Amino acid sequence: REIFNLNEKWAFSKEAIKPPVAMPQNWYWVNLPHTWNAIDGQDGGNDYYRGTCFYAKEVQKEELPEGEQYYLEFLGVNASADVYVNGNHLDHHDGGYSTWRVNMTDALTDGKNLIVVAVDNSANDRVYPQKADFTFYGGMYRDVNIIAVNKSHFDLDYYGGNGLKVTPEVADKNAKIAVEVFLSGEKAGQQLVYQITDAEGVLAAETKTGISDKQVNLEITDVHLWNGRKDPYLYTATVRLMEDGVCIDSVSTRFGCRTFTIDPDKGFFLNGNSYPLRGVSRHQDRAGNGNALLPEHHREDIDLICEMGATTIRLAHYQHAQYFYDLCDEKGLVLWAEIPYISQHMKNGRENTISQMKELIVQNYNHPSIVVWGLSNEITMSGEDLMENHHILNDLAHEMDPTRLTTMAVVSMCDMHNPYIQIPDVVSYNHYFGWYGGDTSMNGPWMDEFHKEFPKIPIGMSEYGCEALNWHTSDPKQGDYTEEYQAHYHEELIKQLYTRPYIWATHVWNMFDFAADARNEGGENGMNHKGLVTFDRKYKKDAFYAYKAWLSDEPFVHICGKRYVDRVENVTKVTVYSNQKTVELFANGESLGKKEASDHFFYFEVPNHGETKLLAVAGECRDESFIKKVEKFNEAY
Ligand SMILES: Cc1cc2nc3c(=O)[nH]c(=O)nc-3n(C[C@H](O)[C@H](O)[C@H](O)COP(=O)(O)O)c2cc1C
Ligand SMILES: [Ca+2]
């Protein structure tokens, strides 16, 4: 079997209202990954086009790698899609975040073949998401491939899966790696080779049965445990369908060996040691590109999430790209993965929650980095049909993956005695005490109250955050949109949450600025600015380095306020962050004192006369900053 990438040069139309009978020579050319909302999804004004758009491409059978059956494979098509080959309506899909496939064989022909995909991201009441903050960028925003495979092949039609279910069970210093495969149109004479391989190639187990024994058990002696960032060891499982001696089909995946529990009082546990989960959420979009991300974009985000020392990532509010999950395995991050069951329960949305949950688990089951499954997000504020839906999903996730735990994110206002909170295995809350009213000191006591009233329900914070742009102040107060208040906000939240073992996970909202076309706030439109890093990933806000001081074992020092250069005071309050014991702040070469801090937030008092080149040393590490004295409060702040 071979794969034929089908990204290059599609004919696109926002104008057409019916699939073309014949290949348009008249349309606009796009390469995948593509989106028609990369521009009007990020400039605001609640105006981004939502509707049906059409893609059309021609491929010649003689140009494909040869196999007995042909599949179109979509890694991402937001939100709903209809596929046509040569005018024949082949399939239909609802869900912009999961992978799905269409068997082309009977409609393919010789000579030129016309493929048309009718993509739609319009409001309806059936397909989540519909009410949400983020922009639902329309279009084929991830890869499209043609799969050429034998008539006997590992399953390609069950909810986007591979037909490879690897389930490690750790037994003492050995692990038992159960391996189930699913086959389409297999025939009687066939056989199945199974192999696990080392991180450096070496074979580790192997079995071969006839095509009847779809389930096998292989064991690794002295297993190399995938154990978070510490040592994110990954094995590879691989299975080969063999007819006679030839290897006619093959399917592989990477995977990790670990156990984990969530203790209501002592937090999250990875392989029997307390492994506190302190991290961020992430959206799958970016300045300029919209949600049509390239592989280096996925890698750019990880490096910054990693440099900060996050240990967990909530991948809200939908299924992300496999290449992103793959990275999360490779670096040992602990993942929350969910479906867009968000904002408002839709009665005619039930069938679709079920399929996005089925797709989510089938396609991600082997990712050692996923430890929970998200049922919903901010789905209601009150104290019934919503309830039975939540049961179906929960029952489902447990019926399919009893090796992982269900969670959900609850809106701040929802009374903790709402029965639907009793459904998942764990719970987190989305609280903004200190941004949307309240004061930043309510967060710690709020989790204290949930823990008392419900001591057996592990409680987390799945969302918390505060907006920041390139505004500044020396009186930082909630609502001024300044980088300074966001530093303080997060300083305050870190002191209250990282110091409470029972909180099983904290997930900043959000790691990155992202596009929300309806918002008008801050001084830039259609943007949610609660990120720790800017939309184009090029700027790390000061808040980012507050978290580094607690989470990262890479030594560093960071002066805050580098962008607040002109200041109207006589002595100015410059915070510094570090994960070193003692830091010293210099003003034009003169020391101001050796301070030490338990919360890693060193505060300082700098006399502000003329130009003052500031320097901070902390062991090996050094960081420069500059300042000036004016009496006109510079109004670009
Ligand atoms: C991770 C995972 C992957 C699965 N992949 C397949 C598959 O590729 N093909 C298949 O027939 N069943 C697969 N299954 C099993 C089905 O879920 C199972 O047969 C189920 O009972 C079918 O019920 P349904 O028709 O309502 O989906 C998989 C199960 C899990 C947990
Ligand atoms: Ca817009």
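Convert by adding 29 to the 1-based position in the sequence shown; the result is the number in my numbering. A virtual CB, placed ideally from N, CA and C, is assigned to each residue, including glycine.
Output needed for residue i: all residues of its chain with C-beta closer than 6 Å, excluding positions within five of it in sequence on either side, in chain order.
i, result
"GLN525", "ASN472 and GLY473"
"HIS122", "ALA110 and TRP129"
"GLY239", "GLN220"
"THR601", "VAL635 and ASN637"
"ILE249", "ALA204 and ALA233"
"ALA40", "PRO53, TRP56 and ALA85"
"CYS443", "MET410"
"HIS517", "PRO505"
"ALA547", "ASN75"
"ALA534", "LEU306, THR341 and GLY489"
"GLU329", "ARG566"
"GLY648", "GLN609"
With DSSP run on the structure shown, which of helix, strand or coil describes residue i?
i, result
"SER42", "strand"
"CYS589", "coil"
"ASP186", "coil"
"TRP255", "strand"
"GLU329", "helix"
"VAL600", "strand"
"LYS387", "helix"
"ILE334", "helix"
"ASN381", "helix"
"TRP464", "strand"
"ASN539", "coil"
"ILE523", "helix"
"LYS360", "helix"
"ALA110", "strand"
"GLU496", "coil"
"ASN617", "coil"
"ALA665", "coil"
"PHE353", "helix"
"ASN393", "helix"
"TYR77", "coil"
Looking at the unbroken alpha helix (DSSP H) that takes in residue i, where does it start and where does it end?
i, result
"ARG130", "Taken as a continuous stretch (DSSP letters only), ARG130 belongs to no alpha helix (DSSP H), being part of the beta strand (DSSP E) at 129-132."
"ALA578", "571-580"
"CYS443", "From DSSP, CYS443 is part of no alpha helix (DSSP H); its letter is neither H nor E."
"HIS480", "472-482"
Using a threshold of 8 Å, state whether the C-beta atoms of residue i and residue j are closer than that.
i, j, result
"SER398", "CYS357", "yes"
"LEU185", "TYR304", "no"
"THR236", "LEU247", "yes"
"residue 28", "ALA575", "Any answer about residue 28 is impossible in this case: the structure gives the chain only from 30 up to 666."
"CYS589", "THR611", "no"
"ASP172", "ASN36", "yes"
"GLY230", "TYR262", "no"
"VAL145", "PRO48", "yes"
"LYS485", "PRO293", "yes"
"residue 15", "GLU413", "In this structure the chain extends from 30 to 666, so residue 15 is not present and cannot be described."
"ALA345", "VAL309", "no"
"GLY463", "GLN507", "yes"
"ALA544", "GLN515", "no"
Go to residue i, then tell me how far its beta strand (DSSP E) extends in each direction, as first and last residue.
i, result
"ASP546", "543-550"
"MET429", "From DSSP, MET429 is part of no beta strand (DSSP E) but of the alpha helix (DSSP H) over 414-429."
"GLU198", "193-200"
"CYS82", "81-89"
"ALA147", "141-149"
"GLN159", "Here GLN159 belongs to no beta strand (DSSP E), and DSSP marks it neither H nor E."
"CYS650", "650-654"
"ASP278", "275-284"
"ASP120", "117-123"
"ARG311", "No beta strand (DSSP E) contains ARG311, which DSSP labels as neither H nor E."
"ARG269", "264-272"
Measuring alpha carbon to alpha carbon, tell me which of the options ends up nearest residue i.
i, options, result
"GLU640", "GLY618, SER627, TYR527 and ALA626", "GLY618"
"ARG287", "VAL275, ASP251 and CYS276", "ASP251"
"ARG529", "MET476, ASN142 and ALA67", "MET476"
"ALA266", "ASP227, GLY257 and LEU299", "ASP227"
"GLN244", "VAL208, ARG433 and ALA233", "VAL208"
"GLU92", "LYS160, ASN142, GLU520 and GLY70", "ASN142"
"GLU367", "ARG433, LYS259, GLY73 and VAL106", "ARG433"
"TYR78", "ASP139, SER241, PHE462 and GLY168", "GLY168"
"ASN150", "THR563, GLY105 and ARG592", "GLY105"
Between residue i and the rest of its own chain, which residues show a CB-CB distance below 7 Å, the 5 nearest in sequence each way excluded?
i, result
"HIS419", "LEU404, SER405, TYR449 and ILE452"
If I measure Cβ to Cβ from residue i and keep anything under 8 Å in the same chain, skipping five residues before and after, which residues do I get?
i, result
"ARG596", "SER503, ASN637, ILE656, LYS657, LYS658 and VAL659"
"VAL646", "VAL586, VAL612, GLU613 and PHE615"
"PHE183", "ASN191, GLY192, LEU193, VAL210, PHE211, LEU212, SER213, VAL268, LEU270, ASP278, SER279 and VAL280"
"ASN60", "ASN36, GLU37, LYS38 and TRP39"
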